[PDB]
Structure formats: structure tokens, C-alpha cells
Amino acid sequence: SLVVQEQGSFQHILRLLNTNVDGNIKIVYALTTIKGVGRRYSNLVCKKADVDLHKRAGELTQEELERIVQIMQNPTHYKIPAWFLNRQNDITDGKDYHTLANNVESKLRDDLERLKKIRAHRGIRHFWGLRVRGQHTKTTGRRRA
Amino acid sequence: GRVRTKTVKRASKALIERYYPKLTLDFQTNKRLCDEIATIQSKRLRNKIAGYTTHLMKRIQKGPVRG
Amino acid sequence: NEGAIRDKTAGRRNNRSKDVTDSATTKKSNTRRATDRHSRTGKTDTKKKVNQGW
Amino acid sequence: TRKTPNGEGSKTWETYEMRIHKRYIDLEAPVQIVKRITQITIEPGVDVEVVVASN
Amino acid sequence: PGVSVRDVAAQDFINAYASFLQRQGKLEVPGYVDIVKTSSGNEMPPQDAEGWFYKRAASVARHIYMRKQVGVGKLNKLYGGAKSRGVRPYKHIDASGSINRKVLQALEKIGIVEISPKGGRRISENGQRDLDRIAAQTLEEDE
Amino acid sequence: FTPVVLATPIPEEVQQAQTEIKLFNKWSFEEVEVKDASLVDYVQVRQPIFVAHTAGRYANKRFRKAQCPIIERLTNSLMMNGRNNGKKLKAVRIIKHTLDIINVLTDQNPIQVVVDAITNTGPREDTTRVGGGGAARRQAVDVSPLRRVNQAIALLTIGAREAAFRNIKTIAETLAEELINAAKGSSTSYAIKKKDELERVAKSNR
Amino acid sequence: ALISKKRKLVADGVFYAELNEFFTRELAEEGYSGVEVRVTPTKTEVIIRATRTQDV
Amino acid sequence: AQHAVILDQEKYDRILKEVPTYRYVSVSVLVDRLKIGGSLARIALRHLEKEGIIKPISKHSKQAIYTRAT
Amino acid sequence: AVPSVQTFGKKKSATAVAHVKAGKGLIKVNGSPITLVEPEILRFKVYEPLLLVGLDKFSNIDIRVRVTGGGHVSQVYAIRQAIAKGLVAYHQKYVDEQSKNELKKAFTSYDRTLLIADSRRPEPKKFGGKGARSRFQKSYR
Amino acid sequence: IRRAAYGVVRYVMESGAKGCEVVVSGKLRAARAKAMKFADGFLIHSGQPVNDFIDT
Amino acid sequence: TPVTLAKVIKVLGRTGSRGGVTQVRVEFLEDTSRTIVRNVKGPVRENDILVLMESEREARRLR
RNA sequence: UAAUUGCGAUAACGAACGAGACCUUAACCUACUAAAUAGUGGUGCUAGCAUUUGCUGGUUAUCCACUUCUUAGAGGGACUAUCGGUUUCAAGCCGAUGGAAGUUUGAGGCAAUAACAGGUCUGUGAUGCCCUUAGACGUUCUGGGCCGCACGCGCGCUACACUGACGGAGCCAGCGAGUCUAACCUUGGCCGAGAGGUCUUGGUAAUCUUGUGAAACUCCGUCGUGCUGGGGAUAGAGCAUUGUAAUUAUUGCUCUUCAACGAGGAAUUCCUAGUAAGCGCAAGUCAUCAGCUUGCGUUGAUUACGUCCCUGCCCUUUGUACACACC
Ligand SMILES: [Mg+2]
Ligand SMILES: [Mg+2]
Ligand SMILES: [Mg+2]
Ligand SMILES: [Mg+2]
Ligand SMILES: [Mg+2]
Ligand SMILES: [Mg+2]
Ligand SMILES: [Mg+2]
Ligand SMILES: [Mg+2]
Ligand SMILES: [Mg+2]
Ligand SMILES: [Mg+2]
Ligand SMILES: [Mg+2]
Ligand SMILES: [Mg+2]
Ligand SMILES: [Mg+2]
Ligand SMILES: [Mg+2]
Ligand SMILES: [Mg+2]
Ligand SMILES: [Mg+2]
Ligand SMILES: [Mg+2]
Ligand SMILES: [Mg+2]
Ligand SMILES: [Mg+2]
């Protein structure tokens, strides 16, 4: 298309949401490295942040990046549909959350631990390192842990 | 494997023995000839018979052939 | 359910530490074969009996 | 359908069929002939359905 | 020399109608565009984001023009395709129905299509006008 | 060139070579004559064809195979390894693409350079599995001129297909690199390597 | 009523078989050799072919 | 490692300086000289066709082809 | 009435119907001209009946072809056959024999079955394998 | 057994057949079962002609 | 490298226990009137040209 | 020869079943009989663009006329014909030419006597004997289980990508099947991101769903060789759908999670031309559920035209103390 230049102000390896992110790649795919961030959520948000998807995560004035941040923990305020999110309706407060980065591992625990402390057949199934989804365990699951 | 069975060569045999006059070497004449002389219940069979009794003729003119 | 989770001697890392029995890979057993034609019924219908019928 | 009654053997299928042929004819007739042509010219195993209306 | 859209190659066409359908600016993008996937069998949302509704309108149109009538149902069956069930084999899927209905609902408002008898959407008389028009210009771009 | 027109038009450059010389989509079937002895009647070069797609009969009888257009046998042997079974369009276009490339580098005729890499790569004599009176030995035998083109086609395709595997390069490039390196055999090509060693194994056991 | 032509004629031969088997048994002691079904308007005719009609 | 995802202007200086003498230039031959990852290899071949230089005898996705200008 | 013949191409399950009448030199397929055809690699193959005989022959006549049945590549070898047969059907009925047999002579010299339908047919599948010949894999024991 | 099948065939032969074949499988009076082939005249065992000319 | 062009003048038979080899008596084109029997690999008919990488030598029996 | 198919040799001659014939389906009918449930042409009615007539569509039948497409009645065609090679110049085999078609024209259907302690009392209101028969092994109701998971083995499904994934876009089939004592095939329109809901519609069907606008695929781009945007296991949360009932999650969608797998050791299966392989569809099963089957078309090769080496089996010769026949 059109060759660009900028300066040394292109920066590789930027850290955000307590995770290091690769520059020098299309910014849409640099944000998926962050936990809870997939290819759809990185698409919709990068759009909703009014960021050039042709541009790499390298330059990305920090004002832009801080915009990109804000929407990821503020989905319903920037009008991302509410079907677009992983944690909906919760189990307690009843609200809808997109849990991201180190917080997805965090909240993942609680879900299991709930089921575990509840003495649920699926928590039983989880304590035993087994298949929770009801599939046949006979043949599959061999080389295992 | 194109080989005529016995029901084909026995027909062709007994046909030329009594019908050698008429029975020109040309197939299509002999084939049509067969319907008015010999009774055969198949389209193909009649053509298979014909084409062989044809062969008997075409060689016979170069001298006899056994049987 | 209360007993199920807490109980040790239960799990996957549990069973994965033990040894797979030899009868696992025992193959066929063939059952009765090559004895097929020799009649265990041990009757042998009789010359006069088989001519009276057939 | 599988040939064998039970389970065993190499798996032999078989395909039965039944052939249905359907003809229909158009006529213009007075009252006597439709009733005359239909009441007779019956035949076993053949299904004869007749009626007019353009519809 | 006289023209119909059947005189113009498929892709060169639908681009140009989508080029002008942009400069027209009167479409009615439903507002959920750019957030949507177009299919229950597709991986990603369209790579064009803003746009591609100009492309699907320019797709839908030229299809409706070329034949008698086409319903939103048929449009589902058309654009859709093999979906990846992943570990499972690939089965056909219909595309997103609303995306295909809100091209028709908003191509009706723009006068390039009309509710037909026999059900469906028949090409509009002014559609025939506006289509064959950009058709000729497209060959008359290449002069 | 006498540009006649009629209601639905046929383009000029289209119109031109068609009524005229019979060449490829555009390439010269004249010149391009077999650059080795033998190999004749096993290297087709006629009748000329615009593209490498054909209905084809070449199966039902033995040597009808050798009558097929050689470039068509190039794309034919090209579509393979699983997912590429069928799908001749991908191959026919990749060949026009490749011919585009071989012509672009060191000029001449890609279609002749194809034959130049085929006439180079045929093994002259090779070996067979012989039971013997003991540990099996190798009997050097000369190899058919037909087979000489046979194992040459796959030779180049394999190397162009195997090298194009999992590298940024595109098939037509790996097709041309193979064809070019073998046009005058550089031993850097997968095909010319294998040719010599199977002719070496014949001089070996002799 | 209201039958598909397809589904009807299948249910026809089934009606043949069923009736054929009811006659195979009950009339076995008459030497029943098999039936035929002639259908017309009005009735449905059913023709036993036995070897002893007098007992039928 | 090799990167080649950005301009690094002396790379752009290579382009105008280093693409005579090329009997073949494409997407691959761009990455084949130590530079220009594919996503800009097309960008470079579009901008190289802004004027002169490369002469497009080929066509499309996958295969691109060019030579010098005369 | 205008002098009008009709022919058909057949390739695999495809049927390509041809209407060849007298006209201004239009050649269009279905509703669209022969400059599309849209394999675009093989569209040169439906050019073939023309460029074998020379382009002038098509002026005084009109050509339209409409195809149904088959796949993408299936129909092309039908329509190129639907043309060449109409161009020898026109030279059959209206103009004389000697040119019809001048076309038939240079049509089938290079050939590729413009005149003759391709008799190769899909074979039935047999139980025991997914394909016709292909049999399901057996493990012994 | 031997008298029933031999009489039956003679009747089917006297009735003007071109041949007939009486099979009896099973066990009669002796615990191990056997079969028997009782037949006469001429038959074709294969082809379409079986459908027309032989009744089983 | 001396180039030996040998035309196949007759097809003899198929040697080998698996029968892939075809026995052929050939004729070298430079200075005709003399003949040798060689053994081939792939498909062969009469009047095919063959390249011997050595001139005078003969095989006979393969197993 | 595919064949105990023949030629031939000849104490045999001349026949029978099986093979072949036959049958089904697939190839060819500008010839025959026809069709608003199939269409083509012409003619009206009509829209757009060119305005020289023209190009491309819409058109409850508005009528004219037709059968090339199509459909299924009736027939014709191939006989390896013509010719040239070869051979006991015998049956045949071989190439070219002709031809819709020349591998038994391709594919099936049917299939002699004889062998098995092959399988099937869990298909049967086929059945002998034995067991049980009222605290039932009968039948039903409730619920779980056949799916249970340290592992071993088999058919497969999806993958390791650049002949590729992804996004648009072009957009091509056949074999099918479908609603009356109903609740099926369902267009169209409306609401929904999706799954799906709802208001209508035709169809007992060559008439409506359907042209099943299938999928590989072609095409312009986004990535760029990095376990990568290849791969989608695992799992979490949310929405729907079948059904009395879905937890051990029937099924589907949405987002997040992103494992193994970098071409797979010894071995080992299927297959010779529209075949193999790639691709999807329809039917069986079905309330819901296909990674399975039975068919079908779509894309369409590489390599044989041979052989007896492994393997298997058939035939004679031979030997025998077996004949309940090497169990
Ligand atoms: Mg992520
Ligand atoms: Mg599609
Ligand atoms: Mg698409
Ligand atoms: Mg028995
Ligand atoms: Mg028996
Ligand atoms: Mg038979
Ligand atoms: Mg017989
Ligand atoms: Mg057969
Ligand atoms: Mg129960
Ligand atoms: Mg089970
Ligand atoms: Mg259809
Ligand atoms: Mg339909
Ligand atoms: Mg993915
Ligand atoms: Mg094996
Ligand atoms: Mg259903
Ligand atoms: Mg159903
Ligand atoms: Mg289930
Ligand atoms: Mg004894
Ligand atoms: Mg012993």
C-alpha cells in the first residue's frame, strides 16, 4: 500500500494488564496472548477502541493502549453486546463480567472450588482428575497427567 | 475374454451345414437372415451366433474347416 | 457424596501409581477348539435307529 | 437390509425394491362414457383414479 | 452499446456497486455491524468491518436481479458453507439470517428491491435502472 | 492481423494468437525439440494445447499414457499428497505460474526448459531385487525410455513438493528452481541427485 | 383415507401378505394354494385358490 | 530473530538501491533477502508499483512476479 | 422464422443445450457472454471450437447455451461440445456438406471430444468399502 | 420319509413338470440331524429363468 | 562419455521371479548389424531407444 | 479363455446342471408413439439499457406450434464388425480404423453338487428336550447400569498447515424422502449475533419444499513460517432445542480456556480409470443424538497390462495303517 516510517518510537515488547505483549505483530493478535482475551474479543475491542487494525502493536501511542485497556474491564459501558462475554449473570452478585489476564486463573479456581465445596458430582469428578463432561473414559485419556 | 460358448458354436455349426447357400459373408445379412430361419430368444444371442457363423463362412472360402 | 471426595484410595493420580495386572494383556483363551468335531454329547445314534428314520 | 438374520459373517447387504409406474390420460367425455369406461376395464393390481376438475 | 449486469464480470461488478453504495452513504447499517460474525459456521467476523454490508448489499442485489425472486431463506442457504465442528467432520450451515434480512429490509427502503408476489423479494424496476447503470460505467471505466 | 468483431466481442490480444499460431495461454510450441536422443514419442510436444486440462482417455490402453501432453503430465503428477488428490485447477494454474517464472529467469522457453529438466533426469540404468543363492544382490539393468520419463516427472515434482513443504516459498517457485537447476543439471536439484545415484548403483553392481 | 401413492401401495402388498398368511394357516387342511386380490369400485374381491373348495 | 516486520529506513534504502539486477522479485524473494516479512512484502510490491521498477507480468494471491523497468 | 438448429454437449452428468440460429454474431452462455464462463483458467477451452476453425465463422450466426447438471468443470466440457456440434449442425442443414466436413475434419484432428460425448460414467458403490472398488480396512487379529 | 418324497415327485412328474426337487433337512427319529435331496427330471438353478419357470 | 543408443529390435520375455524385468535383444544404431541382449526396468515395446552405460556385456537369467 | 470357455488330441461319440445365455441398471437414438405434473421456439403483455432493428429479464395458459433437451411406452444398435499383425495360421491374442459403446461394453442381480458340529433358541405365535412357573426367570411400576477407568487391542474422526488457515466473493449435482385421523417435507414474511422462536404458504408430491444456490473448489484480499492467525483436545460461564425426565453434562450456539500432534518404530490394509484418493449430500436408525452404515453425485491422478518371490487357494502326480477321514 503505502510505506510508513515513524522513528525509533516503534516499541517492541510492551507490558499491560500485568502481562508482557509482543510488539512487531498485528495488534489484534498481540492482545490475545493475554489470558481471557481471544480472537473475537481482541477484534471487537480493537474496533471499539477506534484503533487501526492495519497497525502493529508496536507504535500504539500509550493513550491508545490505555483506551484499549479501559474497554476490556468495562464491556457494558462501551456497549459490547453482553453475549460477547465469558462470565455472564455470575453466581452471586448477578452481574456480567469479562475476567481477564491473571484473574481468569483466579476465578477459574472459585468455580471449581464452589463445585468442590458443594460436594458436586462434577467437583467429585474434578478432584479425581477425571472427565467432567460425561464422555467415555475407557479408551481415551491414556498418557494422561 | 471374448470366446464363443458351445450354444453359439453349435448353432453356427448346424446353421451353415444346411444353410450355406444364402448366408453371405456379410454379417448384417446373416443376422437378419437368422430371424426368419432359426428361432433365438435373445437379441444378443442372435447377434453372437450370427457373428460367429459369419466367421465360419469368411474362412470356409479359403478351404475347409473341421467339424 | 460427602465420603466420595475426601476418601483417599480414590482418584486418578491414585490408580496411575499402581501396576497394571497381567490378565490385562492375556489375549484369547481359545475356549474349546479342535475338539469341535468330537461329540461331547456322547450318544452315537444307532444303525437300526438311523435307518428307521431315514 | 443386512442379509444375515443375526450378527455374524462378512457384512452382506441386499437391496430390495418395488417399481411404481404412474400414467395419466386426459379426456373430454359426456356422462355416459366416463361411467361406461370406468365401470369396466378393471384389472387386478392396477390402481385407476379418475376425476375432472381443473384446480 | 446497450448493457446488462450479465455483461460484466462478477467480482469487478459487485465491488463497483459496493464502491458507489459507499459514496451513496444512504444504506442503513443496522448498528450491530462490525460486532457480528455473519454465520453460525464461521470463525471470525468479516475482515472489512465498516463495509462488507455495501458488499453483501451489492452481493444480494445482483443475485436478486439475475433471477425471479429470492427469499431471506435462500440467502441463508447460499452464503453459508462448511462449518468446522473441529474434531468432527464438516457439515453445511446457513449464514446469519438477520444479516441477510436486514440487507433486504434496507434494500427495500433504497428502492433497489421490492416485496414480490409469490413471496420473497423481486428486483425493483428502479433497481434494474440503478444496476445496469453502474454496469455500463464499469466497462466505461476500462476504456 | 485481420481483427474481425461480432455482437459479443472477443478481445484483441485474445483474438490475435488464436486464429494465429497455436501457442500456450501464451508460449511457443514451435522450436522446443527433444534435447536428448531417445525420449521421442515418450515426450509429446504435439498436439499443442492452450492449457493443461483435458478430458483424457490415457488409462484404458498401455502406451496411450506417453501420448498425453508432457506439461499435462507435469500438472497431473503435481496434484497429490492427500488433500491435493483431484483439484487439477490448482495444478494447472501453478504450472502456468511456474512457466511464467522459468521464462522470467534466463529467458528461453519454460516449456522447453521443462523438457530440458526431463531429458536430464532419466536414469539410464538401475538395479533390481534379485533373490540369489544367498544375501540378495543388485542386478544393474537398463531402464525403459518410457519409465525414464515416468520416474523423471515424479522426481522433479517430489523435490519441488518436498522442498516447498513448510517454507515460505511458493510451489511454482520450488517448481521452477527444480526445473531450472535440472535444465542443465546442477546436482543441487533433488531430481538430478537421485538420477546419478541410481545410475551409480548400476555401475556399482555390474 | 388420504394416502400417498407411495405409502398406499406398500400398505397394499402388506395387506396381501397378512391376508395370505391368515389363509395359509386356517385353510392348510384344505390344501390352500394361494390367493389373488381383484379390487374394483364398490367391493374388494378375494379369491381363494384351494384344492378342496367344498370344505371351504 | 530475523524480524523484518518494519521499515527500518536503511532497509527502505536497500529497496531502491538493491532491486536492480533482480531477474525475479516476488513475496518470497523479498523475505529471501534478509528482510521484509510477507505482510509488508505485498505492501512493498504495491509501493514498488507506485512507479516503475517492478513490471507485473504475473497475477495474484500466492504467486506474484516482477522484473526491472526498461 | 429464422434458420435455427439446436445441439447439446454432454460431459459426465452435465447437459449443455445449444441454440444456433442466424444472427449478428452474439455468443452468450446461459444469460452471460463467452468472455466470462468463470473458471477463467479453462475458459480458453470453450474458446477452443472458435480458434480451431477461425473466428470469422461465427458472424452470420447467433449462439446461446444454457447448462444444468454436473459441477463446475463438468459443464465446461459440455458447452464447448454444445458449440462445436451446433456449428457442424448449421453447416449440416443450411450451408453445404463440404464445409461441414472441413470443420469436422479440423475439429477432430485436434479434437478433445468437441463432437463426441465423454462416455465415462460414475460407477456404483459396493458394500464393504466407502468407494466402488475401495474396501474397508481389515485387521485380521 | 423315503416313500412320501418319492411319491410326491412321481405325482409332480406325472402332473407334467420338467423336474422337481424335494429337500428335507432336520432330525427324524435319530438324534443327529441330516438332510436329503430327492429330485427328478430337469431344472435350471440360476439366472432369471428361475423366477419364471421354477416354483419354490 | 561414449553414448550407446540401442534400439530394441525384439521383445523376448520377462525375467525375474517377480517379473518386472523385460528381456530384450537390442541393436545399437551407430554401426548396425550386431546385436546384444539386455534387460530393462519399466514398460517396453519394440523400436524403443535405450541407452547402455556400457557397450559389450550381456545378462541372461534373473532370479 | 474369466470359466470343464473353447480349440485341438483322441475309444470315445453325442447331451444335461453349473459358466454362458438370462435379468437389472448405466452408455447411444435431430427416427416411432406422446406430455400445464417436462420443457424448447414463436406470438402477444411488460421492465431496464442501448435508442437503428438490438441485449437481458419478469409473463395465473393469452393464444400459435413443436419434442432437441426431459420423461417412459414401443423398438433399433455390438457381432470384439472392418482391416493389418500373430499363433498348432485352430480357439484366440494383438494394434490401427470405424464407432454411443470393443476390459464378459462398465456395474450388479441370479448361482450347480459338496463340506462346517461356522453363526443365529436375543427376529418370530418356527421348535424338541431341560430349567422356572406365583417369595415368577412370567409382566409391570420406581431408579441405576450397560457410557462404569492404572491399561491392552480394532474400525474410524480430526490434525501437524503457505497445493494452507481465515474474510469476503464467484457458485455447480445426483441418488432421496416427505402431512389424515394428521402434526410430517416445509417456501415466504416478521423478531433474534447465533442457536432459534413466531405469523402465514404450497405439497399424499415429475405439480409444493428443490434448481435441495452441497462441499471440496475458482477469485481478491488479511496473515508469513514462528507448536503461528496450523491444530482444537480439555475446561468455565451464559442462551436455546428434543422430551414426563437431560446431573454422569442428548444436541446447538456465544465468549473465554489453546493440550497433544514438527509426517509417525517393528509391522500392516484397500485399490488399476471417471477408478484410487479428496469433497459433500440423501436415505437407514430417530422424540432428541453420525465420528457409523446403504446409496449418490462433485474434483479427479501417479502407476501396472506384468509375475509366482512372500502369502493364500485350485489342479493333477504321488503315498497312506485315515474313511467318525490329521480335530
Ligand atoms: Mg488468549
Ligand atoms: Mg456455496
Ligand atoms: Mg462462499
Ligand atoms: Mg442341509
Ligand atoms: Mg448339504
Ligand atoms: Mg448367471
Ligand atoms: Mg445351463
Ligand atoms: Mg457381467
Ligand atoms: Mg426399568
Ligand atoms: Mg455395547
Ligand atoms: Mg436434482
Ligand atoms: Mg426440484
Ligand atoms: Mg483456530
Ligand atoms: Mg495382506
Ligand atoms: Mg427427522
Ligand atoms: Mg424423518
Ligand atoms: Mg445416545
Ligand atoms: Mg479303517
Ligand atoms: Mg494329532
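Looking at the PDB entry, one finds chain J named 40S ribosomal protein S3, with Saccharomyces cerevisiae as its source organism. Readers searching the PDB will find this entry under the title "Crystal structure of Gentamicin bound to the yeast 80S ribosome".

Going by the annotation in the PDB entry, the name recorded for chain C is Suppressor protein STM1, with Saccharomyces cerevisiae given as the source organism.

### Some words on the overall build of chain J
For chain J, the count of helices and strands is 2 helices and 2 strands. For chain J, the N- to C-terminal ordering of α and β elements is α-β-β-α. The C-alpha atoms of chain J give a radius of gyration of 13 Å, which is well past the 10 Å a tight globule of 56 residues would have. C-alpha atoms of chain J, sized along the principal axes, occupy 40 × 25 × 15 Å.

### Quick look at the protein's contact with RNA strand L
Neighbouring RNA strand L are 259 residues, the closest being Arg-125, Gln-135 and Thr-137 of chain A, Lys-48 of chain B together with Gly-70 of chain I. Protein-proximal atoms of RNA strand L, defined as those within 4 Å of the protein, fall in sugar or phosphate at a share of 76%. In this structure, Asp-111 of chain A approaches RNA strand L through a side-chain N or O atom, which is 2.5 Å from a sugar or linking oxygen. At 3.5 Å, a side-chain N or O of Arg-143 of chain A approaches a sugar or linking oxygen of RNA strand L. In terms of residue count, the dominant contributor to the surface near RNA strand L is helix α3 (residues 43-60) of chain B (10 residues). Taken together, the residues of the surface near RNA strand L sort by class into 66 nonpolar, 92 polar and 101 charged.

### Overview of the interface of chain K and chain F
How big an interface is tends to be stated in terms of accessible area lost as the parts join. Contacts between the two partners involve 23 residues from chain K, matched on the other side by 25 residues from chain F. A combined buried area of about 2,300 Å² lies between chain K and chain F, and 55% of that area is made up of carbon and sulfur atoms. If you sort the residues of chain K by the area they bury against chain F, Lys-41, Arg-45 and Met-53 of chain K come out on top, with a joint share of 29%. For the pair chain K and chain F, the number of links is 2 salt bridges. Residue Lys-41 of chain K is joined to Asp-126 of chain F by a salt bridge in which the shortest nitrogen-to-oxygen separation is 2.4 Å.

### Thoughts on a negative patch on the surface
There is a patch of like negative charges on the surface, built from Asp-12, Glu-140, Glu-141, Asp-142 and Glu-143 of chain E together with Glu-38 of chain I. Within the secondary structure, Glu-143 of chain E is located in the segment after α5 (125-139). Residue classification places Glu-143 of chain E among the exposed residues on the basis of a relative accessible area of 78%.

### A short note on the interface of chain A and chain H
Taken residue by residue, the interface counts 9 residues in chain A and 11 residues in chain H. With both chains or domains summed, chain A and chain H bury close to 930 Å², and 59% of this area falls on carbon and sulfur atoms. For chain A, the biggest contributors to the area lost against chain H are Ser-1, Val-3 and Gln-5 of chain A; these three give 57% of the whole. At the junction of chain A with chain H, the criterion picks out 0 salt bridges. Linking chain A with chain H are 2 residue pairs in polar contact, by the criterion used here. Residue classes in the side of chain A that touches chain H are distributed as 4 nonpolar, 3 polar and 2 charged.

### Examining the environment of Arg-46 of chain H
Checked against the element boundaries, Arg-46 of chain H lands in helix α3 (residues 38-48). Counting along the chain gives 37 residues from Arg-46 of chain H to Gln-9 of chain H, while the straight-line C-alpha distance between them is 17 Å.

### A look at the packing of aromatic side chains
Scanning the model with the defined rule gives 10 aromatic pairs over all chains in all. Residues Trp-83 of chain A and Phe-84 of chain A carry aromatic rings whose centres are separated by 5.6 Å and whose planes lie at 55 degrees to one another, so their mutual orientation is tilted. Taking relative accessible area as the criterion, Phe-84 of chain A reaches 12% and is therefore assigned buried. The interplanar angle of 50 degrees and the centroid separation of 5.9 Å between the aromatic rings of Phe-23 of chain G and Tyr-32 of chain G together place this pair among those described as tilted. Comparing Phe-23 of chain G with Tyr-32 of chain G, the two get one shared label, buried. Here a set of aromatic residues connected by ring pairs shows up, and it is made of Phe-50 of chain F together with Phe-44 and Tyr-47 of chain I.

### Re a positive patch on the surface
Residue and element names in this part refer to chain B. A surface patch of like charges, here positive, comprises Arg-2, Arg-4, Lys-9, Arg-44, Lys-48 and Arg-59. Tracing the sequence through the fold places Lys-48 in helix α3. The class for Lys-48 is partly exposed, based on a relative accessible area of 36%.

### Topic: helix α1 (residues 43-53) of chain I
Across the 11 residues of α1 of chain I, 10 count as buried, placing the element largely inside the fold. Buried residues of α1 of chain I: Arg-43, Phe-44, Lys-45, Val-46, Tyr-47, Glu-48, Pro-49, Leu-50, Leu-51 and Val-53 of chain I, and no others. On its buried side, α1 of chain I packs onto α1 (12-19) of chain F together with β3 (27-29), α2 (72-93) and α3 (97-110) of chain I. Phi turns positive, to about 95 degrees, at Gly-54 of chain I, one or two residues after α1 of chain I.

### Thoughts on the side chain of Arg-62 of chain E
Mapping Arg-62 of chain E onto the fold places it in helix α2 (residues 53-65). Buried charge without a partner: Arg-62 of chain E forms no salt bridge, and the closest opposite charge is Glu-38 of chain I, 7.8 Å away. A distance of 3.5 Å separates the side chain of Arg-62 of chain E from the backbone oxygen of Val-8 of chain E, its partner in a polar contact. Not counting the four nearest positions on each side in its chain, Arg-62 of chain E is found in contact with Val-5, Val-8, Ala-9, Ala-10, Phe-13, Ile-14 and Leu-131 of chain E.

### Comments concerning the arrangement of the chains
When the 12 pairs of chains in contact are compared, the highest contact count belongs to chains F and K. Nowhere do chain E and chain H come into contact; their C-alpha atoms are at least 14 Å apart. Taking C-alpha atoms only, the smallest gap left between chain A and chain J, which are not in contact, amounts to 45 Å.

### Describing the pattern of salt bridges
Under the counting rule described, the total for this entry stands at 47 salt bridges over all chains. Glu-17 of chain D serves as the salt-bridge partner of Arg-19 of chain D, at 3.4 Å between the closest nitrogen and oxygen. Among the residues examined, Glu-17 of chain D registers a relative accessible area of 60% and is labelled exposed. Across the pair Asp-118 of chain I and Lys-11 of chain I runs a salt bridge whose closest N-O atoms are separated by 3.4 Å. Of this pair, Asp-118 of chain I sits in the segment after α3 while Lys-11 of chain I sits in strand β1 (residues 4-11), and the two are 107 residues apart along the sequence. According to the relative accessible area criterion, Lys-11 of chain I is buried, its value standing at 13%. Counted as one network, the salt bridges with shared partners bring together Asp-47 and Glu-49 of chain D together with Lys-5 and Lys-8 of chain G.

### Side note on the environment of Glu-102 of chain I
Turning to its location among the elements, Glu-102 of chain I is positioned in helix α3. In this structure the C-alpha to C-alpha distance between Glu-102 of chain I and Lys-10 of chain I, which are 92 residues apart in sequence, comes to 23 Å.

### Topic: unusual backbone geometry
Note the cis peptide between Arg-46 of chain F and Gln-47 of chain F, where omega equals 5 degrees. Mapped onto the fold, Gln-47 of chain F is located in the loop between α1 and α2 (64-67). The residue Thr-9 of chain C is not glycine, and still its phi comes out positive at about 60 degrees. Despite not being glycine, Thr-2 of chain F has its phi angle at roughly 60 degrees, a positive value. With respect to the helices and strands, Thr-2 of chain F occurs in the segment before α1. A relative accessible area of 69% means that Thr-2 of chain F is categorised as exposed.

### Digging into the pairing of strand β5 (residues 61-68) of chain I
Residue and element names in this part refer to chain I. For strand β2 (residues 14-22) and β5, the ladder comprises 8 bridges, and the chain directions are antiparallel. Each residue of the ladder has a partner; that of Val-20, found in β5, is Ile-63. Pairing between β3 and β5: 3 bridges, direction parallel. Within the sheet, the bridge partner assigned to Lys-28 lies in β5 and is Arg-64.

### Considering the sheet that holds strand β3 (residues 35-39) of chain K
Residue and element names in this part refer to chain K. In space, the 4 strands of this open sheet follow the order β3-β2-β1-β4, with antiparallel pairing throughout. Two strands close off the open sheet at either side, each with one partner strand: β3 and β4 (49-52). Averaged over all pairs of adjacent strands, the angle between their axes in this sheet comes to 45 degrees, without regard to strand direction. Relative to β4, strand β1 (residues 4-13) runs antiparallel, the two being bridged by 4 bridges. Directly across from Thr-4, in β4, lies its bridge partner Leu-52.

Rules behind the numbers
- Residues numbered from 1 in each chain as written, not as in the entry; some residues may be left out.
- Chains lettered and ligands numbered in written order.
- Part of a larger assembly, values for the part shown.
- Heavy atoms only, no water.
- Helix = DSSP H or I, 4+ residues; strand = E, 2+ residues; numbered from the N terminus.
- Rg over C-alpha atoms; globule rule 2.2 N^0.38 Å.
- Near = heavy atom within 4 Å.
- Polar contact = N/O pair within 3.5 Å; in protein donor to acceptor, adjacent residues only side chain to side chain.
- Nonpolar A, V, L, I, M, F, W, Y, C, P; charged D, E, K, R; others polar.
- Contact = heavy atoms within 4.5 Å.
- Buried area = accessible area lost by both parts, 1.4 Å probe.
- Salt bridge = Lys/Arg side-chain N within 4 Å of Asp/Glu carboxyl O.
- Patch = residues over 30% accessible without salt bridge, like charges linked within 9 Å, V, L, I, M, F, W, Y side chains within 5 Å.
- Areas by Shrake-Rupley, 256 points an atom, 1.4 Å probe, with all protein chains shown as cover.
- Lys, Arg positive; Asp, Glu negative; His and termini not counted.
- Charge placed at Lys NZ, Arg CZ, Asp CG, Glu CD.
- Buried < 20%, exposed > 50% of the residue type's maximum accessible area, 1.4 Å probe, protein only.
- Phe/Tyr/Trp six-rings, centres within 6.5 Å; stacked < 30°, edge-to-face > 60°.
- Pairing = 2+ DSSP bridges.
- Axes fitted to C-alpha atoms, helices over the stretch in contact; angles between N-to-C directions.

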